[PDB]
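Structure below is protein_35.txt: compact mmCIF, C-alpha atoms.
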```
# COMPACT_ATOMS: atom_id res chain seq x y z
CA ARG A 13 46.49 291.54 141.51
CA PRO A 14 45.85 295.30 141.66
CA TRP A 15 47.82 297.62 139.41
CA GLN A 16 51.18 298.99 140.53
CA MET A 17 52.89 302.35 140.15
CA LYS A 18 54.37 301.49 136.74
CA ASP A 19 50.98 300.61 135.24
CA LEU A 20 49.47 303.90 136.38
CA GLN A 21 52.49 305.84 135.14
CA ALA A 22 52.21 304.22 131.71
CA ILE A 23 48.45 304.80 131.56
CA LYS A 24 48.86 308.49 132.34
CA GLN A 25 51.87 309.03 130.07
CA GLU A 26 50.38 307.34 127.00
CA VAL A 27 47.34 309.63 127.14
CA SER A 28 48.96 312.84 128.36
CA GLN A 29 48.27 314.76 125.14
CA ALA A 30 44.72 313.57 124.46
CA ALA A 31 41.70 315.13 126.17
CA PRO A 32 39.35 313.39 128.62
CA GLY A 33 36.77 311.36 126.75
CA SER A 34 38.68 311.35 123.46
CA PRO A 35 38.61 308.01 121.59
CA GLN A 36 42.25 307.37 122.55
CA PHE A 37 41.67 308.04 126.24
CA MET A 38 38.53 305.94 126.15
CA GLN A 39 40.40 303.06 124.52
CA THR A 40 43.20 303.05 127.09
CA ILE A 41 41.02 303.60 130.16
CA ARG A 42 38.53 300.94 129.03
CA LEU A 43 41.35 298.47 128.49
CA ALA A 44 42.77 299.18 131.96
CA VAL A 45 39.39 298.83 133.65
CA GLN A 46 38.56 295.60 131.81
CA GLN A 47 42.05 294.16 132.44
CA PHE A 48 42.79 294.88 136.11
CA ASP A 49 39.22 294.30 137.40
CA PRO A 50 39.31 297.05 140.05
CA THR A 51 36.73 298.09 142.62
CA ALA A 52 35.37 301.61 143.18
CA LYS A 53 38.23 302.59 145.50
CA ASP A 54 40.92 301.91 142.91
CA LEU A 55 38.88 303.70 140.24
CA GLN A 56 38.68 306.78 142.47
CA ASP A 57 42.45 306.63 142.96
CA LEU A 58 42.96 306.39 139.19
CA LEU A 59 40.68 309.35 138.49
CA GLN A 60 42.44 311.47 141.11
CA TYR A 61 45.77 310.64 139.47
CA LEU A 62 44.61 311.35 135.92
CA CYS A 63 42.40 314.45 135.87
CA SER A 64 42.15 317.51 138.09
CA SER A 65 39.54 318.29 140.73
CA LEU A 66 37.27 319.97 138.17
CA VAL A 67 37.09 316.94 135.87
CA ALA A 68 36.82 314.75 138.96
CA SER A 69 33.78 316.70 140.16
CA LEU A 70 32.11 316.66 136.74
CA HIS A 71 32.60 312.90 136.44
CA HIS A 72 31.35 312.51 140.01
CA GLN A 73 28.10 314.30 139.18
CA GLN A 74 27.59 312.43 135.91
CA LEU A 75 28.26 309.07 137.56
CA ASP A 76 25.89 309.97 140.38
CA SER A 77 23.15 310.53 137.80
CA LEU A 78 23.99 307.33 135.90
CA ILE A 79 24.10 305.16 139.03
CA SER A 80 20.91 306.93 140.09
CA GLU A 81 18.96 305.82 137.04
CA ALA A 82 20.57 302.37 136.90
CA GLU A 83 19.87 301.30 140.48
CA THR A 84 16.55 303.15 140.68
CA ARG A 85 15.37 300.94 137.82
CA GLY A 86 16.40 297.88 139.83
CA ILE A 87 19.37 295.66 139.06
CA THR A 88 19.73 291.89 139.26
CA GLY A 89 22.44 291.88 141.93
CA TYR A 90 21.69 295.14 143.77
CA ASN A 91 20.01 294.84 147.17
CA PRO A 92 19.42 298.36 148.56
CA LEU A 93 19.17 297.17 152.19
CA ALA A 94 22.94 296.62 152.53
CA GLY A 95 24.54 299.86 151.32
CA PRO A 96 25.23 302.15 148.38
CA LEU A 97 26.51 300.71 145.13
CA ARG A 98 29.88 302.31 145.93
CA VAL A 99 30.15 299.95 148.93
CA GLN A 100 28.74 296.79 147.35
CA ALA A 101 31.20 297.21 144.47
CA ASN A 102 33.98 297.13 147.09
CA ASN A 103 32.99 293.65 148.32
CA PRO A 104 34.84 291.02 146.21
CA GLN A 105 31.78 288.71 146.31
CA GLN A 106 29.56 291.04 144.24
CA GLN A 107 31.29 290.98 140.86
CA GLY A 108 28.07 291.95 139.10
CA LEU A 109 27.96 295.22 141.02
CA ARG A 110 31.66 295.71 140.29
CA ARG A 111 31.19 295.32 136.54
CA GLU A 112 28.15 297.59 136.55
CA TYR A 113 30.16 300.19 138.48
CA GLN A 114 33.00 299.94 135.96
CA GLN A 115 30.66 300.42 133.00
CA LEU A 116 28.82 303.35 134.58
CA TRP A 117 32.21 304.87 135.41
CA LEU A 118 33.55 304.61 131.87
CA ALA A 119 30.33 305.85 130.26
CA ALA A 120 30.16 308.81 132.64
CA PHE A 121 33.77 309.74 131.95
CA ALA A 122 33.13 309.44 128.20
CA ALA A 123 30.10 311.75 128.42
CA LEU A 124 32.23 314.78 129.35
CA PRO A 125 32.99 316.49 126.00
CA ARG B 13 50.74 283.88 130.12
CA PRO B 14 48.15 286.41 128.94
CA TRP B 15 49.57 289.83 128.13
CA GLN B 16 49.62 292.54 130.79
CA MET B 17 49.42 296.31 130.30
CA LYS B 18 53.04 296.63 129.20
CA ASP B 19 52.80 294.23 126.26
CA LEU B 20 49.66 295.77 124.78
CA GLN B 21 50.91 299.30 125.38
CA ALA B 22 54.05 298.47 123.43
CA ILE B 23 52.04 296.82 120.65
CA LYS B 24 49.96 299.97 120.27
CA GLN B 25 53.09 302.14 120.49
CA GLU B 26 54.73 300.51 117.46
CA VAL B 27 51.39 300.02 115.66
CA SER B 28 50.68 303.75 115.84
CA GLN B 29 52.43 305.08 112.72
CA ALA B 30 51.16 302.43 110.29
CA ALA B 31 47.58 301.78 109.21
CA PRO B 32 45.63 298.49 109.28
CA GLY B 33 46.57 296.12 106.49
CA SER B 34 50.00 297.67 106.01
CA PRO B 35 52.92 295.23 106.24
CA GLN B 36 54.10 296.59 109.61
CA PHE B 37 50.69 296.36 111.27
CA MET B 38 50.18 292.76 110.18
CA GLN B 39 53.77 291.86 111.07
CA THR B 40 53.35 293.05 114.65
CA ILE B 41 49.86 291.59 115.09
CA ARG B 42 50.91 288.19 113.74
CA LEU B 43 53.97 288.12 115.99
CA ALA B 44 51.95 288.97 119.09
CA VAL B 45 49.25 286.41 118.32
CA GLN B 46 51.73 283.65 117.45
CA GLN B 47 53.62 284.37 120.67
CA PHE B 48 50.95 284.74 123.36
CA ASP B 49 48.44 282.32 121.78
CA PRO B 50 45.43 284.43 122.85
CA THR B 51 41.83 283.29 122.75
CA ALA B 52 38.92 285.28 121.31
CA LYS B 53 38.53 287.31 124.51
CA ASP B 54 42.07 288.69 124.45
CA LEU B 55 41.93 289.20 120.68
CA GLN B 56 38.81 291.34 120.95
CA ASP B 57 40.45 293.30 123.78
CA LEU B 58 43.50 293.95 121.61
CA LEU B 59 41.37 295.08 118.67
CA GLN B 60 39.30 297.46 120.79
CA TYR B 61 42.58 298.82 122.13
CA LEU B 62 44.33 299.42 118.82
CA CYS B 63 42.01 300.94 116.23
CA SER B 64 38.85 303.02 116.07
CA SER B 65 35.38 301.53 116.36
CA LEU B 66 34.84 301.78 112.60
CA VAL B 67 37.85 299.57 111.86
CA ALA B 68 36.77 297.11 114.55
CA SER B 69 33.31 296.88 113.00
CA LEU B 70 34.79 296.34 109.53
CA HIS B 71 37.09 293.65 110.90
CA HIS B 72 34.20 291.90 112.62
CA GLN B 73 32.17 291.92 109.41
CA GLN B 74 35.08 290.29 107.59
CA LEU B 75 35.61 287.86 110.47
CA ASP B 76 31.96 286.81 110.51
CA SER B 77 32.19 286.20 106.77
CA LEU B 78 35.33 284.07 107.19
CA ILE B 79 33.93 282.12 110.15
CA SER B 80 30.64 281.41 108.36
CA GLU B 81 32.55 280.24 105.29
CA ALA B 82 34.77 277.95 107.37
CA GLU B 83 31.88 276.44 109.36
CA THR B 84 30.01 275.68 106.14
CA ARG B 85 33.15 274.15 104.63
CA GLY B 86 34.01 272.35 107.87
CA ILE B 87 36.57 272.73 110.65
CA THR B 88 38.75 269.91 111.93
CA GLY B 89 37.56 270.01 115.54
CA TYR B 90 34.49 272.26 115.42
CA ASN B 91 31.50 270.67 117.15
CA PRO B 92 28.51 273.05 116.89
CA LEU B 93 26.55 271.11 119.53
CA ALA B 94 28.10 273.21 122.33
CA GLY B 95 28.56 276.73 120.95
CA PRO B 96 30.03 278.83 118.15
CA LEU B 97 33.73 279.00 117.37
CA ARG B 98 33.46 282.40 119.04
CA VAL B 99 32.66 280.53 122.27
CA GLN B 100 34.62 277.34 121.46
CA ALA B 101 37.90 279.29 121.35
CA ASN B 102 37.54 280.41 124.98
CA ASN B 103 37.87 276.86 126.31
CA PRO B 104 41.60 276.24 126.92
CA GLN B 105 41.34 272.58 125.83
CA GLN B 106 40.44 273.42 122.20
CA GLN B 107 43.78 274.59 120.81
CA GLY B 108 42.77 273.83 117.22
CA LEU B 109 39.72 276.09 117.34
CA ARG B 110 41.75 278.86 118.97
CA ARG B 111 44.49 278.77 116.33
CA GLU B 112 41.92 278.62 113.52
CA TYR B 113 40.21 281.69 114.99
CA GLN B 114 43.55 283.48 115.23
CA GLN B 115 44.28 282.76 111.57
CA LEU B 116 40.86 283.97 110.42
CA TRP B 117 41.42 287.06 112.58
CA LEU B 118 44.74 287.84 110.91
CA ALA B 119 43.31 287.20 107.44
CA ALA B 120 40.28 289.42 108.01
CA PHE B 121 42.55 292.17 109.29
CA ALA B 122 44.86 291.80 106.28
CA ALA B 123 41.95 292.00 103.83
CA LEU B 124 40.47 295.30 105.05
CA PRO B 125 41.80 297.31 102.06
```
Is it possible to express this structure as structure tokens?
Amino acid sequence: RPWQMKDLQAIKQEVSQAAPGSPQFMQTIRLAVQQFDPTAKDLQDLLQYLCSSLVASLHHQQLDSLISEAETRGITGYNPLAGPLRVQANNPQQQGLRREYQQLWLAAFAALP
Amino acid sequence: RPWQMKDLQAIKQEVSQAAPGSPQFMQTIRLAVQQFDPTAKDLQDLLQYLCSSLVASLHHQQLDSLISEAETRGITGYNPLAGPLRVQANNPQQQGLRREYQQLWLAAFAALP
């Protein structure tokens, strides 16, 4: 049950005025992420739709650092012999990795301003 | 029939002008809750969506007060040998607990000012 075009259109329109990482944007994006239960691929699509290449790159770097610390510590469900967290989160049998990816994503995007 | 994006986006759209505790806010919240019959999970999602973190924290303080009062006084179908009302309202076969939690939710939201 992935999102459709209308959901993305509404998500972008409702937060057109606000700035990335504002409380309003964080509310709406967090609700979407917690409601649709998407993988990393869909999150990348959503970010490309919402913010430009500059904000995309900044979030990419911040999320790289956050994932770096998180999975360098060692995580309950992460096994580094199978692939990067971006790929484990895309397997529907690793929901723990998917939820960790979602939370790192939202925190990284909130850490912009 | 848990609410999708469109329902919650509307709810926030018409709960934007008014402030918590005002007649309009409570009217809309009560209608939504009485219609969709949401558990504690969906209620917390809706609250995180609507208002700032400060208002959510205030509401949860009031809700903890109300729930503690009710559990001391006694609830019709509350059995504390399995988990708190908080967790007893997530089980779909406990309609009484769920409706009681919804009513305490609405009261705690109405008593913020």
**Request:** For a cut-off of 12 Å around (40.6, 301.7, 145.7), file coordinates, pick out all residues using all atoms listed in the file and list them as an MDAnalysis selection string.
**Result:** chainID A and resid 14:15 48:60 98:99 101:103
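Neighbourhood of point (37.0, 304.0, 120.0): residues with an atom at most 7 Å away, counting only C-alpha atoms, are residues 35, 36, 38 and 39 of chain A; 60, 63, 64 and 65 of chain B.
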**Request:** Grab the CA of residue 24 in chain A to CA of residue 21 in chain B distance for me, in Å with one decimal place.
**Result:** 11.7 Å
For the reference chain A, what are the coordinates of chain B after least-squares fitting (all Cα, in-order pairing), as a PDB file with C-alpha atoms, in the coordinates of the input?
```
ATOM      1  CA  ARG B  13      46.271 291.732 141.012  1.00  0.00           C
ATOM      2  CA  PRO B  14      45.656 295.421 141.728  1.00  0.00           C
ATOM      3  CA  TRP B  15      47.853 297.782 139.735  1.00  0.00           C
ATOM      4  CA  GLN B  16      51.131 299.015 141.204  1.00  0.00           C
ATOM      5  CA  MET B  17      52.899 302.321 140.542  1.00  0.00           C
ATOM      6  CA  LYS B  18      54.250 301.231 137.165  1.00  0.00           C
ATOM      7  CA  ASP B  19      50.877 300.436 135.600  1.00  0.00           C
ATOM      8  CA  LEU B  20      49.216 303.695 136.622  1.00  0.00           C
ATOM      9  CA  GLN B  21      52.282 305.734 135.712  1.00  0.00           C
ATOM     10  CA  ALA B  22      52.182 304.243 132.230  1.00  0.00           C
ATOM     11  CA  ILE B  23      48.434 304.843 131.943  1.00  0.00           C
ATOM     12  CA  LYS B  24      48.947 308.510 132.773  1.00  0.00           C
ATOM     13  CA  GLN B  25      51.951 308.686 130.429  1.00  0.00           C
ATOM     14  CA  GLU B  26      49.933 307.644 127.368  1.00  0.00           C
ATOM     15  CA  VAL B  27      46.793 309.473 128.562  1.00  0.00           C
ATOM     16  CA  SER B  28      48.700 312.757 128.732  1.00  0.00           C
ATOM     17  CA  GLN B  29      48.395 314.080 125.165  1.00  0.00           C
ATOM     18  CA  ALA B  30      44.670 313.398 124.716  1.00  0.00           C
ATOM     19  CA  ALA B  31      41.770 314.962 126.599  1.00  0.00           C
ATOM     20  CA  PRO B  32      38.907 313.218 128.441  1.00  0.00           C
ATOM     21  CA  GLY B  33      36.253 311.831 126.136  1.00  0.00           C
ATOM     22  CA  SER B  34      38.610 311.607 123.171  1.00  0.00           C
ATOM     23  CA  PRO B  35      38.845 308.164 121.552  1.00  0.00           C
ATOM     24  CA  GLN B  36      42.372 307.521 122.873  1.00  0.00           C
ATOM     25  CA  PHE B  37      41.536 308.388 126.477  1.00  0.00           C
ATOM     26  CA  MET B  38      38.501 306.110 126.531  1.00  0.00           C
ATOM     27  CA  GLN B  39      40.389 303.357 124.701  1.00  0.00           C
ATOM     28  CA  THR B  40      43.128 303.269 127.328  1.00  0.00           C
ATOM     29  CA  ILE B  41      40.767 303.608 130.297  1.00  0.00           C
ATOM     30  CA  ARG B  42      38.485 300.835 129.036  1.00  0.00           C
ATOM     31  CA  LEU B  43      41.442 298.532 128.421  1.00  0.00           C
ATOM     32  CA  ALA B  44      42.857 299.102 131.897  1.00  0.00           C
ATOM     33  CA  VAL B  45      39.500 298.598 133.603  1.00  0.00           C
ATOM     34  CA  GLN B  46      38.627 295.490 131.577  1.00  0.00           C
ATOM     35  CA  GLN B  47      42.054 294.044 132.368  1.00  0.00           C
ATOM     36  CA  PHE B  48      42.598 294.682 136.083  1.00  0.00           C
ATOM     37  CA  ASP B  49      38.906 294.482 137.076  1.00  0.00           C
ATOM     38  CA  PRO B  50      39.257 297.249 139.699  1.00  0.00           C
ATOM     39  CA  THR B  51      36.682 298.086 142.334  1.00  0.00           C
ATOM     40  CA  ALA B  52      35.426 301.584 143.165  1.00  0.00           C
ATOM     41  CA  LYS B  53      38.426 302.291 145.404  1.00  0.00           C
ATOM     42  CA  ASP B  54      41.007 301.732 142.672  1.00  0.00           C
ATOM     43  CA  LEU B  55      38.844 303.524 140.102  1.00  0.00           C
ATOM     44  CA  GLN B  56      38.649 306.647 142.246  1.00  0.00           C
ATOM     45  CA  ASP B  57      42.418 306.456 142.793  1.00  0.00           C
ATOM     46  CA  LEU B  58      42.989 306.278 139.041  1.00  0.00           C
ATOM     47  CA  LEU B  59      40.687 309.233 138.386  1.00  0.00           C
ATOM     48  CA  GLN B  60      42.341 311.402 141.032  1.00  0.00           C
ATOM     49  CA  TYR B  61      45.663 310.463 139.455  1.00  0.00           C
ATOM     50  CA  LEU B  62      44.815 311.264 135.847  1.00  0.00           C
ATOM     51  CA  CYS B  63      42.863 314.501 135.521  1.00  0.00           C
ATOM     52  CA  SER B  64      42.340 317.745 137.404  1.00  0.00           C
ATOM     53  CA  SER B  65      39.877 318.101 140.258  1.00  0.00           C
ATOM     54  CA  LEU B  66      37.364 319.872 138.013  1.00  0.00           C
ATOM     55  CA  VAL B  67      37.164 316.909 135.631  1.00  0.00           C
ATOM     56  CA  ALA B  68      36.888 314.505 138.563  1.00  0.00           C
ATOM     57  CA  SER B  69      33.995 316.514 139.983  1.00  0.00           C
ATOM     58  CA  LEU B  70      32.247 316.581 136.597  1.00  0.00           C
ATOM     59  CA  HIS B  71      32.740 312.835 136.239  1.00  0.00           C
ATOM     60  CA  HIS B  72      31.330 312.206 139.701  1.00  0.00           C
ATOM     61  CA  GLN B  73      28.266 314.312 138.925  1.00  0.00           C
ATOM     62  CA  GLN B  74      27.667 312.241 135.796  1.00  0.00           C
ATOM     63  CA  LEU B  75      28.356 309.025 137.710  1.00  0.00           C
ATOM     64  CA  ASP B  76      25.897 309.910 140.466  1.00  0.00           C
ATOM     65  CA  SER B  77      23.295 310.612 137.792  1.00  0.00           C
ATOM     66  CA  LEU B  78      23.942 307.247 136.109  1.00  0.00           C
ATOM     67  CA  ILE B  79      23.968 305.313 139.393  1.00  0.00           C
ATOM     68  CA  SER B  80      20.732 306.937 140.585  1.00  0.00           C
ATOM     69  CA  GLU B  81      19.094 306.151 137.248  1.00  0.00           C
ATOM     70  CA  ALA B  82      20.227 302.518 137.387  1.00  0.00           C
ATOM     71  CA  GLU B  83      19.126 301.989 141.007  1.00  0.00           C
ATOM     72  CA  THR B  84      15.687 303.393 140.206  1.00  0.00           C
ATOM     73  CA  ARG B  85      15.460 301.185 137.116  1.00  0.00           C
ATOM     74  CA  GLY B  86      16.911 298.193 138.965  1.00  0.00           C
ATOM     75  CA  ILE B  87      20.207 296.306 139.017  1.00  0.00           C
ATOM     76  CA  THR B  88      20.507 292.544 138.698  1.00  0.00           C
ATOM     77  CA  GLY B  89      22.238 291.936 142.028  1.00  0.00           C
ATOM     78  CA  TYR B  90      21.885 295.259 143.853  1.00  0.00           C
ATOM     79  CA  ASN B  91      20.522 294.804 147.374  1.00  0.00           C
ATOM     80  CA  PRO B  92      20.197 298.243 149.030  1.00  0.00           C
ATOM     81  CA  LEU B  93      19.738 296.696 152.490  1.00  0.00           C
ATOM     82  CA  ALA B  94      23.522 296.671 153.063  1.00  0.00           C
ATOM     83  CA  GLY B  95      24.923 299.770 151.347  1.00  0.00           C
ATOM     84  CA  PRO B  96      25.122 301.736 148.106  1.00  0.00           C
ATOM     85  CA  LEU B  97      26.629 300.376 144.911  1.00  0.00           C
ATOM     86  CA  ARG B  98      29.515 302.664 145.838  1.00  0.00           C
ATOM     87  CA  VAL B  99      30.066 300.413 148.871  1.00  0.00           C
ATOM     88  CA  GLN B 100      28.715 297.187 147.309  1.00  0.00           C
ATOM     89  CA  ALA B 101      31.460 297.229 144.657  1.00  0.00           C
ATOM     90  CA  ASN B 102      34.221 297.038 147.285  1.00  0.00           C
ATOM     91  CA  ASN B 103      33.178 293.555 148.407  1.00  0.00           C
ATOM     92  CA  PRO B 104      35.124 291.059 146.250  1.00  0.00           C
ATOM     93  CA  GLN B 105      32.182 288.613 146.133  1.00  0.00           C
ATOM     94  CA  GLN B 106      29.907 290.986 144.161  1.00  0.00           C
ATOM     95  CA  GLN B 107      31.422 290.816 140.677  1.00  0.00           C
ATOM     96  CA  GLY B 108      28.191 291.938 139.009  1.00  0.00           C
ATOM     97  CA  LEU B 109      28.006 295.177 140.984  1.00  0.00           C
ATOM     98  CA  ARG B 110      31.685 295.871 140.324  1.00  0.00           C
ATOM     99  CA  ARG B 111      31.371 295.408 136.559  1.00  0.00           C
ATOM    100  CA  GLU B 112      28.184 297.496 136.465  1.00  0.00           C
ATOM    101  CA  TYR B 113      30.012 300.276 138.320  1.00  0.00           C
ATOM    102  CA  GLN B 114      32.917 300.038 135.887  1.00  0.00           C
ATOM    103  CA  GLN B 115      30.559 300.385 132.926  1.00  0.00           C
ATOM    104  CA  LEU B 116      28.773 303.396 134.417  1.00  0.00           C
ATOM    105  CA  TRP B 117      32.216 304.866 135.130  1.00  0.00           C
ATOM    106  CA  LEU B 118      33.318 304.490 131.516  1.00  0.00           C
ATOM    107  CA  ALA B 119      30.016 305.867 130.214  1.00  0.00           C
ATOM    108  CA  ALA B 120      30.103 308.907 132.492  1.00  0.00           C
ATOM    109  CA  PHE B 121      33.672 309.592 131.421  1.00  0.00           C
ATOM    110  CA  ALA B 122      32.741 309.239 127.741  1.00  0.00           C
ATOM    111  CA  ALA B 123      29.809 311.646 128.095  1.00  0.00           C
ATOM    112  CA  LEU B 124      31.730 314.588 129.585  1.00  0.00           C
ATOM    113  CA  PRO B 125      31.685 316.615 126.323  1.00  0.00           C
TER     114      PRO B 125
END
```
**Asked** Taking only C-alpha atoms into account, which of B:116, B:17, B:30, B:87 comes nearest residue 74 in chain B?
**Response**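 Among B:116, B:17, B:30, B:87, it is B:116 that comes nearest to residue 74 in chain B.
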Under the rule of at most 7 Å, produce a per-residue listing of chain A near chain B: chain, number, name, the closest pair of atoms, and the distance in Å, as CSV, using only C-alpha atoms.
```
residue,atom,partner,partner_atom,distance
A:19,CA,B:17,CA,6.7
A:39,CA,B:61,CA,5.3
A:40,CA,B:61,CA,6.5
A:43,CA,B:61,CA,6.5
```
**Item:** Å distance separating CA of residue 45 in chain B from CA of residue 32 in chain B, one decimal place
**Value:** 15.5 Å
Return as AutoDock Vina command-line options the centre and edge lengths, in Å with one decimal, of the box along x, y and z that encloses every atom of range 83-99 of chain A in the file, padded by 5 Å per side.
```
--center_x 22.8 --center_y 297.5 --center_z 145.2 --size_x 24.8 --size_y 21.3 --size_z 24.7
```
**Counting all atoms listed in the file, the option among A:109, A:26, A:115, A:69 closest to residue 86 in chain A** =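 That would be A:109, the residue with the smallest distance to residue 86 in chain A.
The coordinates place CA of residue 42 in chain A at 17.5 Å from CA of residue 13 in chain A.
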